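Engineer: First the structure, which I've put down as C-alpha cells, then a few questions once you've had a look.
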Amino acid sequence: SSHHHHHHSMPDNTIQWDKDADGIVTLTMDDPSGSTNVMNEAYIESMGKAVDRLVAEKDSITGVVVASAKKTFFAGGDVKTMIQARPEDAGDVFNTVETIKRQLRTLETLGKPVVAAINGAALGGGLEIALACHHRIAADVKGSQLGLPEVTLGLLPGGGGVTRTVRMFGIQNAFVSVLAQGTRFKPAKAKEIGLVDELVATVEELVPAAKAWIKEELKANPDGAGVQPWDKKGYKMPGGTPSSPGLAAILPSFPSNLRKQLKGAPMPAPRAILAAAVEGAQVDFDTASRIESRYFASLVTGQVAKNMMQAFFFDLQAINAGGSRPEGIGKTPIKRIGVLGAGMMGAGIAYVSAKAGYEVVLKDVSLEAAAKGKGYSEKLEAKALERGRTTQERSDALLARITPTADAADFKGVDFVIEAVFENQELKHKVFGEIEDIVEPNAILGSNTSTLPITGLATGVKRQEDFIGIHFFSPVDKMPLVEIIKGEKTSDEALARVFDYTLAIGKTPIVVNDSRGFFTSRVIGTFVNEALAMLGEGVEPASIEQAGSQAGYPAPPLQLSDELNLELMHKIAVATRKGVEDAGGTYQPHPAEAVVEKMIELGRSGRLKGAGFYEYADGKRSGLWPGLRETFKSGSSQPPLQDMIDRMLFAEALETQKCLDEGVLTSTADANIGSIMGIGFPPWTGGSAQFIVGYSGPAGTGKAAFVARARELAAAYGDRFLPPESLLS
Amino acid sequence: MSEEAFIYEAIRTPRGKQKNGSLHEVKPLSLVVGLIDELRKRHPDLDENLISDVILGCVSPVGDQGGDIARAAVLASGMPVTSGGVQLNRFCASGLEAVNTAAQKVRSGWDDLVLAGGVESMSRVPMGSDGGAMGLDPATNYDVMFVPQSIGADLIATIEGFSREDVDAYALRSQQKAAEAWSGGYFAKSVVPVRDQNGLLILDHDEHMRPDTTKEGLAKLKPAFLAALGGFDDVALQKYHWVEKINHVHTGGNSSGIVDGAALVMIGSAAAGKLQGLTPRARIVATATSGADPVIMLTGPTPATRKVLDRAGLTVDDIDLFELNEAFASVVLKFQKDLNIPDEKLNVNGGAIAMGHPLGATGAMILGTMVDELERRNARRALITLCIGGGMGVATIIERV
Amino acid sequence: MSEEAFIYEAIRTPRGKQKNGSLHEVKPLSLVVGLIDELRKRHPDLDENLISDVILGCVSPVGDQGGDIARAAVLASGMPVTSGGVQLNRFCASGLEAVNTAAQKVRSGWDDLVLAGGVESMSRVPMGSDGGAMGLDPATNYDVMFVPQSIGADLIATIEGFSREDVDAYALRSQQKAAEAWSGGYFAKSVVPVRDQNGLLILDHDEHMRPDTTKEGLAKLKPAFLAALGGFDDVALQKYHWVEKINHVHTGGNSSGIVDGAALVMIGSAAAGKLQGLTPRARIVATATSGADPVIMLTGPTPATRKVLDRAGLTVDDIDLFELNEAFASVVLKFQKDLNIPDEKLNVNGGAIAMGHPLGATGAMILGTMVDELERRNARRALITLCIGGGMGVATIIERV
Ligand SMILES: NC(=O)c1ccc[n+]([C@@H]2O[C@H](COP(=O)([O-])OP(=O)(O)OC[C@H]3O[C@@H](n4cnc5c(N)ncnc54)[C@H](O)[C@@H]3O)[C@@H](O)[C@H]2O)c1
C-alpha cells in the first residue's frame with residue numbers, strides 16, 4: 001500500500017527530477033555513492049519519492065523518460081544484502097521486492113508513455129526497470145549488455161523480470177531465451193528478441209529520441225499511450241496461457257526437459273523460475289507479480305543462492321580486484337608476445353593474445369606447423385565472420401598481428417614468452433635456452449606445463465626470477481581460467497605482470513604455489529579416481545555416471561576418464577609414486593589404480609584407442625562397454641546414490657582444504673573460482689571451498705555438518721574421507 | 001462388513017475405435033442411458049426408487065462428461081430423482097473403483113441397491129482434456145518425477161528382459177482370445193448394441209479388434225512417438241540410475257486402444273435382490289487399493305492383488321481366472337512373472353490391446369467379463385485388477401453364486 | 001456395524017473471497033497439502049502406510065483441479081505411494097459425500113484409515129468450468145427443465161411465503177453467529193492458516209465474513225444478476241404452474257459466498273486409531289442419499305435428513321445440532337419449517353452466507369464444524385446435510401465420543 005520500505009517513524013537520493021515545458025518528466029538515475037546504479041536501499045527510497053511525485057502531479061505530466069548519468073544504465077541488485085538474508089528474513093525480502101515492483105507497476109499504469117533511455121549496461125534489476133517502461137531505446141555503444149542474469153547468482157528476476165518477459169514473449173520463449181540461463185545480449189540482439197525497441201548510435205540522441213517518441217505516441221496512439229499489451233482488453237499471451245489447448249499439450253514436458261538439461265543437479269533457481277512463470281501466466285498481472293516475489297524470497301534465503309552469490313559475485317570481484325596480485329606492484333605493458341609452440345594450446349594462446357590486441361610471434365619447428373597453429377585462428381574468425389559478429393576490418397587486423405615463424409632470432413623485441421612445447425623438461429630447457437638471450441632481459445618466461453613443476457623448469461634459464469607458470473586450459477579460446485603458478489624462484493613482479501596479462505586478455509587468474517599436480521589437475525584427479533574406485537567395488541557404471549551428472553558436473557567421471565587418457569592418469573600415478581618413494585615414504589595406491597591397470601590390461605585405454613569405459617564408433621561416443629559389468633562384477637554393490645554423489649564432491653572438497661593447508665592456494669576465492677572454471681566443480685556448490693561452509697544434508701548445514709558427513713563417509717568407504725584437522729576444533 | 005454385496009447385472013457397450021469410429025457421433029451421456037434402459041428391459045417391474053445411487057467412473061469429466069454425468073444419466077433416463085448420481089476419477093481403475101465403492105456402500109448397510117460402472121468417450125473427450133494439477137504445475141511435476149505410462153511400460157520390459165517379440169507375442173495372444181470369445185458367443189448377452197433415437201443399429205461389436213493380426217504385422221509397427229516430447233527418458237533413468245538405456249518395445253499394436261464405451265453393474269444386498277426378484281450372479285469377496293513407485297506407475301497391480309488375496313483369505317491357487325487390464329503388454333507379463341500366474345488363467349477372453357481401454361469404463365467392463373466367464377466355465381473365483389497412473393492399483397475378488 | 005467409522009481429525013482452511021481474495025494466488029493442490037502437513041504436525045509418529053485412500057470432493061475437476069487432485073495431493077505431499085487418491089463430484093455435497101464414502105469404506109472392512117474432504121478454488125476454477133453433460137446437450141437440457149439454483153431458491157420463498165425481510169433476517173443471523181464463533185475462539189483449532197513456501201502468512205480468517213452487517217444494508221442490495229440469461233423464470237413456472245410470479249428475494253448478502261477453501265477429515269476404525277495412538281472425536285452413526293424435484297434443485301435435504309434419521313432409528317428430538325449448508329436463505333428457512341427445527345439448534349456457528357461455500361469442500365467443512373461444536377457444548381448428536389444440484393440430497397449423523 002506504499003511506494004516505500006518504511007511507513008512508520010535517511011538514505012541518499014539517487015534520482016534527479018526534470019520536467020520540461022511540455023510536461024515530460026526526465027528521471028535521471030545517479031547514485032552518488034558509486035559509479036553503478038544498483039537496487040540498494042537508497043534507490044528504493046529515491047524511486048519511491050519520484051513515483052509519489054509522478055502521481056501527485058499527473059495532471060501536469062504528459063510523459064516520463066527514465067535515464068542514467070553513469071556509463072551504465074543500471075546494473076543488478078544489492079547482493080551484499082541478499083547474501084545476509086536468513087530464512088527468518090523472508091518477510092523482509094518479500095516486502096522489499098514488492099515495494100520495488102509496486103513502484104514499477106505505478107510507473108507502468110500512469111496513463112502516460114514511459115520510455116527507457118538505455119545508455120549502457122542494463123542488467124538484472126536494471127532491465128527490469130526498463131521493462132516497466134512502455135518503450136525501450138538503447139544506444140549501440142560498445143561494452144553495453146542487457147539481460148536478466150540473476151539465475152547465475154542463484155536468484156530469479158524478482159523485480160518483474162519473470163512476470164513481464166512472460167507477458168511479452170510467452171512462457172516458453174521467455175524461459176528458454178531470457179530467464180533460464182540469464183543470457184546477456186548486445187543491443188542489436190536485444191532488439192532482435194524484443195527486449196529493446198529502438199537503437200541509436202550515441203548516448204546524446206537517447207533522451208531527445210525518447211521525448212520525440214512520447215510526442216509522437218500521444219498523437220498517433222492516444223488511447224493506447226502508456227498501456228502495455230497485457231493491460232489491454234483483448235490481450236492474448238504469445239504461445240497461449242496454461243489454459244490454452246495448444247500449450248497444455250506440451251506444458252507437462254517443460255519440467256522434464258529442464259530436468260534433462262540440468263541432468264538432475266540440485267539447482268533450485270531454474271525450477272523456481274519455471275514455476276513462477278507458469279503459475280504467473282494463470283492469473284492477473286498483479287497476482288503473478290506477488291507469486292514472483294514469494295519464489296524470489298525462497299531462493300534468496302536458501303543455501304544454494306548463498307553459494308553462488310559468494311562465488312560468482314564476491315569471490316569473482318576479489319579476484320578481478322587483485323586479491324592474489326602481489327601488493328604494491330606497478331604495471332609493465334606488453335609490446336610483443338612470443339609463443340613457443342603452435343599446437344592445440346599455443347594456437348589458442350596466440351589467438352586470445354591477438355584478439356586482445358597484442359603482437360604475437362608464433363614459433364614452431366617447421367613453418368608448416370608454424371602456420372597450422374595460425375590456421376586454428378582462422379577457423380575461429382571464419383566462423384565468427386559467418387555468425388555476423390566481428391568485421392573484416394577487425395579480423396584482418398587480428399590475423400595480421402599473429403606472425404608465424406620458425407626463426408628463433410625472430411623473438412627480438414619480445415617481452416612476454418608463453419611456451420606450449422611438449423611435456424619434456426629437456427625440450428622446454430632446450431626451447432627456452434635457445435631464446436632467453438634473444439628476448440629482452442625484462443621479458444617474462446612463462447610455461448604452459450600441466451604436470452612438470454615450475455621449480456625444476458626454471459633452472460634452465462638465467463633469470464629464474466622471470467620464469468613463471470602460465471597454465472591455460474583447452475580449448476584456450478573458450479576456457480576462462482588461467483592458473484598462474486608461482487615457482488620457488490618466481491618474483492612478485494613477474495607474478496603481477498602475468499596477472500595483468502590474464503586480465504588484459506579477458507580471462508580470470510588464480511595464483512598457485514608450485515606443487516605436484518598444482519591445484520586443478522590434482523583436485524580433479526580425486527574426482528575421477530573416486531568414481532573408478534566405485535566401479536571396482538562393484539557399483540553399476542550407469543549409476544556412477546548418473547551420480548556425477550546429478551552431482552552437477554558437466555561431464556560424468558567415467559566419460560571424462562576416457563577423454564583424459566587412461567595411460568595419462570597411470571603416468572601421473574607412477575610419477576607421484578616415484579615422488580613419494582624417493583622421499584622415503586611408502587606410496588599407498590588409490591583404489592582406482594587397480595581399475596586403471598585392469599582397463600589398460602584389456603587394451604581399453606580410453607577415447608584415443610576408441611575403447612574405454614564407453615564404446616566408440618566413427619568418432620562418436622556410443623554406449624557403455626557391455627563387458628564392463630562382468631569385469632568388475634557390477635551390481636553386487638549398491639550404495640545409496642547420495643553416497644556416490646558425496647563421495648565425489650567430498651573427495652575434491654577435502655583435497656581443496658589440503659591444498660589450502662599446504663599453502664598451494666592463497667585464498668578461498670581462488671579455490672572456488674579455480675574449481676568452478678578450471679575442473680568443472682558444480683556451480684551450485686559455489687566452489688570446492690565454499691562447499692565446506694555451505695554443505696547441507698541430514699546432519700545439518702555448515703562446516704560441522706560437513707565434518708560429520710565426511711566421517712560418516714569415512715567409516716563406510718575409506719580414511720581418505722577423514723577431514724583434515726584444520727576443519728576440526 | 002455386515003451386508004454382503006452381490007452383482008445382479010453387469011453389462012457394457014461395444015467399444016468404438018478412435019479414428020472414424022461408430023460411436024464418435026454418440027454423446028457419452030447416451031452410452032449410459034442405453035445401458036440403463038437395458039437394465040429396465042431385463043427387469044420391467046424393478047422399483048427404481050429402491051436404487052439409492054448411480055456411481056460412474058470418468059477420467060476426463062470435462063465437456064460432454066462434465067457436470068456429474070452420473071447425475072445427468074439419472075435425470076435423462078427418467079430414473080427417480082432420489083436415485084443419486086456421482087462421478088469419480090481414479091485414473092484407469094475408475095470403472096472398478098465405482099463397483100468397489102458401490103459394494104462398500106452396500107456393506108456399510110446404508111445403501112441397498114446401487115448402479116455402478118463407467119463411461120469414457122475418448123474419441124470426443126481425449127485423455128488430458130481435464131488438465132491436471134501435477135502435469136500443469138511445474139513445481140509438482142519437478143518434485144514428483146512425472147513420466148507417461150508408456151515410458152513406464154518400456155522400463156518394465158527393459159528391467160524384466162521382455163523383448164519386442166515377447167510383448168508382441170502377448171499382443172497376438174490377446175487378439176486371438178478376443179476373436180475366439182466373440183466367435184464362441186461369450187459376449188452375446190453382456191455386450192448391448194448401441195442404437196440411435198430411432199432404434200437403428202450404430203455398433204454391435206468391438207470394432208478396434210484386429211483378429212487377423214500376425215507376428216509379422218506386429219513386428220513392422222513403430223514405437224510410441226505425452227511421449228515423443230523430450231525429457232521423459234532421462235527423468236526415468238535419473239530415479240532408475242542403474243538402468244543405462246530404456247528399450248522402447250511398445251507400439252500401438254501391443255498397447256491398449258483408444259476407444260469409446262460404457263459399462264454398468266447392478267450391485268445390491270441379498271434383501272434388495274430377494275425383494276426385487278433379482279437372481280444374484282456373483283458376490284464381491286474383497287477389494288483392495290494399493291500402489292507402487294509413481295515413475296513405474298504400472299507395477300501397482302501386484303501389491304493390490306496380494307492385499308486383496310490376504311483379506312479374502314485366499315492364495316493364487318484359489319483363483320480360477322485372473323483378469324488384468326492390458327494397458328501395455330509388459331505390465332501383464334510383469335504381473336504374470338511376479339505371481340507365477342498360469343497362462344491359461346490370465347485374460348482368457350482377450351484384453352484392451354484387442355478390444356480397447358475406455359479409461360473410465362474399463363474396470364467395470366472386465367469385471368462383467370469375468371462374471372460371464374465364471375458362469376460359462378462353471379468356475380468359482382475371479383480376480384480383477386488394473387494398473388493406474390500416478391502409481392496406484394486396485395483389485396477385486398468375485399465369487400460365482 | 002462390526003466395524004465403526006470414527007472421526008479422528010477434522011480441519012479446514014480459511015475461506016478466501018472471490019474478488020481480491022487472499023487465496024487466489026494459491027493453487028488448490030497447495031490447499032490440500034497444507035492440511036495434510038497439519039495432520040502430520042498433530043501426529044508426528046503416524047504410520048502413513050496405514051492410510052489406504054485419500055478421497056476429495058471437487059465440483060469443477062478441471063485445470064488446477066483436474067487429473068485426480070486427490071492423487072496429486074498424495075504425491076506432492078510425500079505420502080506413501082500406496083495411499084490411494086480419488087476425486088469425486090456430487091455437486092454441493094461432494095465434501096460430505098467423500099466423508100460418507102470414507103466412513104462406508106471403513107465399515108466395509110476393506111479400508112482401515114482414510115483421509116476424506118474436498119477442495120474448491122472457485123476464484124481460479126469457476127463454477128461450470130468443467131462444462132456439463134446437460135447444458136451441452138440441448139435435447140437433455142430441454143427435457144430435464146434445467147433451472148439454476150438461485151431461481152429455485154426464489155421459488156421456494158414465493159411458495160412458502162418467505163419475504164425479502166425474512167431471508168435477510170436469516171442472513172443477519174448467519175453473520176452474527178459466525179462472528180460470535182470466531183470471537184469466542186470456536187474455530188481456533190480447526191481453521192489452519194494458509195502460508196507460502198517461506199512460511200509467510202497468506203490468510204488466517206474467513207475474509208468473506210461481513211460482521212458489521214445491518215438489516216438496512218441488506219435491504220439496499222439488489223437481486224442476483226446464468227440466471228440472468230432469459231427464459232429460466234418461464235421454464236420454472238411451466239413446471240410450477242400454480243405460481244403466477246416468482247418473487248426474487250435473494251441477493252449476494254442472503255446467498256452463499258463464492259470462496260476458495262479446502263477441508264480434510266481423518267476417518268478410521270477403532271483398531272486403526274488405537275494402532276496409531278489416535279483419540280476418537282466422533283462416530284459416524286448413519287449416512288443417507290436422497291433427492292427432490294430437479295427443477296427446484298434445493299429441497300433435497302428434507303428427504304435425505306428423514307432417510308438418515310430412519311436409518312439410525314432417531315428423530316428430530318434426538319438431535320442436538322442441525323447443520324444445513326446456507327446455499328440460499330430460503331433453503332434453510334424451508335428446511336426449518338418442514339422439520340420444525342428449533343432456531344437454537346440450526347447452524348449455530350453461522351454458515352456459507354457469512355463464511356462462503358467452497359463447493360467441493362463445504363460438506364467436510366461444516367461436518368468438522370459440528371465435531372468441534374459437539375465437543376465444546378458436550379452435546380451428543382449433530383445432523384449435517386447439504387442441498388445438491390440436480391435436486392439431490394446427502395445427510396450424515398455424527399455422535400460425540
Ligand atoms: N593437451 C591438453 O589438454 C593440455 C592441458 C593443459 C596443459 N597442457 C600443456 O600444454 C603443452 C602442450 O601443448 P599442446 O597440447 O598445444 O601441444 P601438442 O600436443 O599440439 O604438441 C605438438 C607441438 O609440439 C611442437 N614442438 C615439438 N618440439 C618443439 C620445439 N623444439 N619447439 C617448438 N615446438 C615444438 C610441435 O611442433 C607442435 O607444435 C604441454 O606442456 C602440456 O602439458 C596441455
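By order in the C-alpha cells, chains are A, B, ...; within a chain, residues start at 1; ligands start at 1, following the order shown.
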Can you list, as a ChimeraX atom specification, every protein, DNA or RNA residue that comes within 7 Å of range 498-515 of chain A when you count only C-alpha atoms, leaving out same-chain residues fewer than 2 positions away?

Structural biologist: /A:324-325,352-353,356,453-455,480-487,494-496,517-518,664-665,670,674

Engineer: At a cut-off of 6 Å around ligand 1, and using only C-alpha atoms and all ligand atoms, what residues come up? Please write them as a ChimeraX atom specification.

Structural biologist: /A:340-346,364-365,369,420-423,431,448-450,473-474

Engineer: Save the residues we just selected, N, CA, C and O atoms, as a PDB file, in the first residue's frame?

Structural biologist:
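result_13.pdb, freshly written:
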ATOM      1  N   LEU A 340      56.121 -20.118 -27.929  1.00  0.00           N
ATOM      2  CA  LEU A 340      56.956 -21.258 -28.303  1.00  0.00           C
ATOM      3  C   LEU A 340      56.074 -22.500 -28.310  1.00  0.00           C
ATOM      4  O   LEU A 340      55.831 -23.112 -27.267  1.00  0.00           O
ATOM      5  N   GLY A 341      55.588 -22.872 -29.491  1.00  0.00           N
ATOM      6  CA  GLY A 341      54.673 -23.988 -29.622  1.00  0.00           C
ATOM      7  C   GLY A 341      53.384 -23.591 -30.309  1.00  0.00           C
ATOM      8  O   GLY A 341      52.641 -22.745 -29.805  1.00  0.00           O
ATOM      9  N   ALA A 342      53.109 -24.192 -31.467  1.00  0.00           N
ATOM     10  CA  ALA A 342      51.929 -23.867 -32.258  1.00  0.00           C
ATOM     11  C   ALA A 342      50.887 -24.980 -32.232  1.00  0.00           C
ATOM     12  O   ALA A 342      50.047 -25.060 -33.134  1.00  0.00           O
ATOM     13  N   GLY A 343      50.920 -25.836 -31.214  1.00  0.00           N
ATOM     14  CA  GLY A 343      49.981 -26.936 -31.120  1.00  0.00           C
ATOM     15  C   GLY A 343      48.574 -26.505 -30.761  1.00  0.00           C
ATOM     16  O   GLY A 343      48.188 -25.359 -31.007  1.00  0.00           O
ATOM     17  N   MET A 344      47.799 -27.422 -30.175  1.00  0.00           N
ATOM     18  CA  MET A 344      46.419 -27.112 -29.813  1.00  0.00           C
ATOM     19  C   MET A 344      46.341 -25.929 -28.856  1.00  0.00           C
ATOM     20  O   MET A 344      45.507 -25.033 -29.033  1.00  0.00           O
ATOM     21  N   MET A 345      47.211 -25.899 -27.845  1.00  0.00           N
ATOM     22  CA  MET A 345      47.184 -24.817 -26.867  1.00  0.00           C
ATOM     23  C   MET A 345      47.823 -23.550 -27.422  1.00  0.00           C
ATOM     24  O   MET A 345      47.222 -22.471 -27.371  1.00  0.00           O
ATOM     25  N   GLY A 346      49.043 -23.664 -27.957  1.00  0.00           N
ATOM     26  CA  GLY A 346      49.745 -22.491 -28.452  1.00  0.00           C
ATOM     27  C   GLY A 346      49.011 -21.772 -29.565  1.00  0.00           C
ATOM     28  O   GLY A 346      49.198 -20.567 -29.759  1.00  0.00           O
ATOM     29  N   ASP A 364      57.264 -22.421 -34.336  1.00  0.00           N
ATOM     30  CA  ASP A 364      57.221 -23.873 -34.284  1.00  0.00           C
ATOM     31  C   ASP A 364      58.417 -24.405 -35.065  1.00  0.00           C
ATOM     32  O   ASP A 364      59.212 -23.638 -35.615  1.00  0.00           O
ATOM     33  N   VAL A 365      58.545 -25.731 -35.104  1.00  0.00           N
ATOM     34  CA  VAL A 365      59.686 -26.381 -35.740  1.00  0.00           C
ATOM     35  C   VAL A 365      59.733 -26.002 -37.214  1.00  0.00           C
ATOM     36  O   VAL A 365      60.665 -25.327 -37.665  1.00  0.00           O
ATOM     37  N   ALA A 369      54.074 -26.283 -39.502  1.00  0.00           N
ATOM     38  CA  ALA A 369      53.431 -26.315 -38.195  1.00  0.00           C
ATOM     39  C   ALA A 369      53.299 -24.920 -37.599  1.00  0.00           C
ATOM     40  O   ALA A 369      52.404 -24.680 -36.781  1.00  0.00           O
ATOM     41  N   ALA A 420      54.405 -23.515 -25.142  1.00  0.00           N
ATOM     42  CA  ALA A 420      53.444 -24.610 -25.189  1.00  0.00           C
ATOM     43  C   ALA A 420      54.037 -25.832 -25.878  1.00  0.00           C
ATOM     44  O   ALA A 420      53.305 -26.639 -26.458  1.00  0.00           O
ATOM     45  N   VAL A 421      55.361 -25.986 -25.825  1.00  0.00           N
ATOM     46  CA  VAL A 421      56.011 -27.162 -26.391  1.00  0.00           C
ATOM     47  C   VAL A 421      55.640 -28.368 -25.540  1.00  0.00           C
ATOM     48  O   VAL A 421      55.015 -28.228 -24.482  1.00  0.00           O
ATOM     49  N   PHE A 422      56.027 -29.557 -25.987  1.00  0.00           N
ATOM     50  CA  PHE A 422      55.526 -30.775 -25.374  1.00  0.00           C
ATOM     51  C   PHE A 422      56.139 -30.999 -23.991  1.00  0.00           C
ATOM     52  O   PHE A 422      57.203 -30.472 -23.653  1.00  0.00           O
ATOM     53  N   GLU A 423      55.434 -31.798 -23.185  1.00  0.00           N
ATOM     54  CA  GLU A 423      55.874 -32.191 -21.851  1.00  0.00           C
ATOM     55  C   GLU A 423      57.201 -32.934 -21.872  1.00  0.00           C
ATOM     56  O   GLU A 423      57.238 -34.159 -21.726  1.00  0.00           O
ATOM     57  N   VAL A 431      64.177 -25.318 -25.731  1.00  0.00           N
ATOM     58  CA  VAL A 431      63.480 -24.232 -26.415  1.00  0.00           C
ATOM     59  C   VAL A 431      63.709 -22.909 -25.696  1.00  0.00           C
ATOM     60  O   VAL A 431      63.946 -21.874 -26.331  1.00  0.00           O
ATOM     61  N   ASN A 448      53.376 -23.367 -20.078  1.00  0.00           N
ATOM     62  CA  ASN A 448      52.013 -23.876 -20.023  1.00  0.00           C
ATOM     63  C   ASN A 448      51.941 -25.314 -19.512  1.00  0.00           C
ATOM     64  O   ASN A 448      50.922 -25.984 -19.713  1.00  0.00           O
ATOM     65  N   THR A 449      52.992 -25.795 -18.851  1.00  0.00           N
ATOM     66  CA  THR A 449      53.016 -27.172 -18.377  1.00  0.00           C
ATOM     67  C   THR A 449      51.872 -27.433 -17.402  1.00  0.00           C
ATOM     68  O   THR A 449      51.417 -26.539 -16.684  1.00  0.00           O
ATOM     69  N   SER A 450      51.403 -28.681 -17.387  1.00  0.00           N
ATOM     70  CA  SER A 450      50.318 -29.092 -16.511  1.00  0.00           C
ATOM     71  C   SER A 450      50.756 -30.044 -15.409  1.00  0.00           C
ATOM     72  O   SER A 450      49.989 -30.262 -14.465  1.00  0.00           O
ATOM     73  N   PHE A 473      43.837 -23.686 -20.210  1.00  0.00           N
ATOM     74  CA  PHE A 473      43.025 -24.888 -20.314  1.00  0.00           C
ATOM     75  C   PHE A 473      42.472 -25.012 -21.727  1.00  0.00           C
ATOM     76  O   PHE A 473      42.305 -24.015 -22.437  1.00  0.00           O
ATOM     77  N   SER A 474      42.189 -26.249 -22.130  1.00  0.00           N
ATOM     78  CA  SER A 474      41.798 -26.497 -23.511  1.00  0.00           C
ATOM     79  C   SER A 474      40.283 -26.611 -23.642  1.00  0.00           C
ATOM     80  O   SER A 474      39.637 -27.270 -22.820  1.00  0.00           O
TER      81      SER A 474
END

Engineer: Using only C-alpha atoms, determine which residues lie at most 8 Å from residue 315 in chain A, disregarding the query and same-chain residues fewer than 4 positions distant; provide the list as an mmCIF file with N, CA and C atoms, in the first residue's frame.

Structural biologist:
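The resulting out18.cif:
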data_model
loop_
_atom_site.group_PDB
_atom_site.id
_atom_site.type_symbol
_atom_site.label_atom_id
_atom_site.label_comp_id
_atom_site.auth_asym_id
_atom_site.auth_seq_id
_atom_site.Cartn_x
_atom_site.Cartn_y
_atom_site.Cartn_z
ATOM 1 N N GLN A 310 28.262 -15.941 -3.275
ATOM 2 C CA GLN A 310 29.624 -15.872 -2.760
ATOM 3 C C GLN A 310 30.644 -16.103 -3.867
ATOM 4 N N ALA A 311 30.363 -17.039 -4.774
ATOM 5 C CA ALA A 311 31.335 -17.408 -5.797
ATOM 6 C C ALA A 311 31.330 -16.424 -6.962
ATOM 7 N N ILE A 319 38.881 -11.429 -6.989
ATOM 8 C CA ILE A 319 39.914 -11.882 -7.915
ATOM 9 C C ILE A 319 40.216 -10.799 -8.943
ATOM 10 N N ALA A 669 38.670 -17.678 -2.378
ATOM 11 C CA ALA A 669 38.110 -17.207 -3.640
ATOM 12 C C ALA A 669 38.846 -17.812 -4.829
ATOM 13 N N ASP A 670 40.176 -17.902 -4.743
ATOM 14 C CA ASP A 670 40.943 -18.557 -5.796
ATOM 15 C C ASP A 670 40.616 -20.042 -5.888
ATOM 16 N N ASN A 672 37.510 -21.460 -5.077
ATOM 17 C CA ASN A 672 36.162 -21.625 -5.610
ATOM 18 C C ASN A 672 36.135 -21.394 -7.115
ATOM 19 N N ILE A 673 36.529 -20.194 -7.549
ATOM 20 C CA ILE A 673 36.538 -19.879 -8.975
ATOM 21 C C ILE A 673 37.510 -20.781 -9.723
#

Engineer: List every residue of chain B that has an atom at most 6 Å from any atom of chain C, giving for each one its closest atom pair and the distance in Å to one decimal, counting only C-alpha atoms, sorted by chain and then by ascending residue number, as JSON lines.

Structural biologist:
{"residue": "B:1", "atom": "CA", "partner": "C:108", "partner_atom": "CA", "distance": 4.1}
{"residue": "B:62", "atom": "CA", "partner": "C:130", "partner_atom": "CA", "distance": 4.8}
{"residue": "B:63", "atom": "CA", "partner": "C:131", "partner_atom": "CA", "distance": 4.4}
{"residue": "B:64", "atom": "CA", "partner": "C:133", "partner_atom": "CA", "distance": 4.8}
{"residue": "B:65", "atom": "CA", "partner": "C:133", "partner_atom": "CA", "distance": 5.5}
{"residue": "B:66", "atom": "CA", "partner": "C:132", "partner_atom": "CA", "distance": 4.5}
{"residue": "B:67", "atom": "CA", "partner": "C:132", "partner_atom": "CA", "distance": 4.2}
{"residue": "B:69", "atom": "CA", "partner": "C:133", "partner_atom": "CA", "distance": 5.8}
{"residue": "B:81", "atom": "CA", "partner": "C:291", "partner_atom": "CA", "distance": 5.3}
{"residue": "B:82", "atom": "CA", "partner": "C:291", "partner_atom": "CA", "distance": 3.8}
{"residue": "B:86", "atom": "CA", "partner": "C:90", "partner_atom": "CA", "distance": 4.9}
{"residue": "B:87", "atom": "CA", "partner": "C:89", "partner_atom": "CA", "distance": 5.3}
{"residue": "B:88", "atom": "CA", "partner": "C:88", "partner_atom": "CA", "distance": 4.0}
{"residue": "B:89", "atom": "CA", "partner": "C:87", "partner_atom": "CA", "distance": 5.3}
{"residue": "B:90", "atom": "CA", "partner": "C:86", "partner_atom": "CA", "distance": 4.9}
{"residue": "B:104", "atom": "CA", "partner": "C:108", "partner_atom": "CA", "distance": 5.2}
{"residue": "B:105", "atom": "CA", "partner": "C:104", "partner_atom": "CA", "distance": 5.5}
{"residue": "B:107", "atom": "CA", "partner": "C:108", "partner_atom": "CA", "distance": 5.2}
{"residue": "B:108", "atom": "CA", "partner": "C:104", "partner_atom": "CA", "distance": 5.2}
{"residue": "B:130", "atom": "CA", "partner": "C:62", "partner_atom": "CA", "distance": 4.6}
{"residue": "B:131", "atom": "CA", "partner": "C:63", "partner_atom": "CA", "distance": 4.5}
{"residue": "B:132", "atom": "CA", "partner": "C:67", "partner_atom": "CA", "distance": 4.0}
{"residue": "B:133", "atom": "CA", "partner": "C:64", "partner_atom": "CA", "distance": 4.8}
{"residue": "B:134", "atom": "CA", "partner": "C:72", "partner_atom": "CA", "distance": 5.9}
{"residue": "B:140", "atom": "CA", "partner": "C:76", "partner_atom": "CA", "distance": 6.0}
{"residue": "B:290", "atom": "CA", "partner": "C:82", "partner_atom": "CA", "distance": 4.4}
{"residue": "B:291", "atom": "CA", "partner": "C:82", "partner_atom": "CA", "distance": 4.5}
{"residue": "B:292", "atom": "CA", "partner": "C:81", "partner_atom": "CA", "distance": 5.9}

Engineer: May I have the residues of chain C within 12 Å of chain A, counting only C-alpha atoms, written as an NGL selection string?

Structural biologist: :C and (19-27 or 62-64 or 66 or 123-125 or 129 or 195-202)

Engineer: Near residue 275 in chain B, counting only C-alpha atoms, which residues have an atom at most 10 Å away, once you skip same-chain residues fewer than 6 positions from it, shown as a list in words?

Structural biologist: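 Skipping anything fewer than 6 positions along the chain leaves residues 46, 47, 50 and 269 of chain B.
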
Engineer: From a DSSP pass on the backbone, collect the residues of range 161-304 of chain B flagged as helix (DSSP H, G or I) and hand them back as a PyMOL selection string.

Structural biologist: chain B and resi 164-184+215-219+232-239+270-276+297-299+301-304

Engineer: I want to know what sits within 9 Å of residue 244 in chain B, based on only C-alpha atoms, with residues of the same chain fewer than 3 positions away left out; could you give that as number ranges by chain?

Structural biologist: A: 541-543, 623-624; B: 237, 240-241

Engineer: For the residues in that selection, give me C-alpha atoms as a PDB file, in the first residue's frame.

Structural biologist:
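Final file, result.pdb:
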ATOM      1  CA  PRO A 541      28.674 -47.926 -14.095  1.00  0.00           C
ATOM      2  CA  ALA A 542      25.346 -46.429 -15.183  1.00  0.00           C
ATOM      3  CA  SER A 543      24.783 -45.405 -11.557  1.00  0.00           C
ATOM      4  CA  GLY A 623      27.103 -46.690 -25.076  1.00  0.00           C
ATOM      5  CA  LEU A 624      28.952 -48.068 -22.085  1.00  0.00           C
TER       6      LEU A 624
ATOM      7  CA  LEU B 237      16.741 -43.014 -15.613  1.00  0.00           C
ATOM      8  CA  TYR B 240      16.431 -45.746 -12.034  1.00  0.00           C
ATOM      9  CA  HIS B 241      20.100 -44.844 -12.226  1.00  0.00           C
TER      10      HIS B 241
END
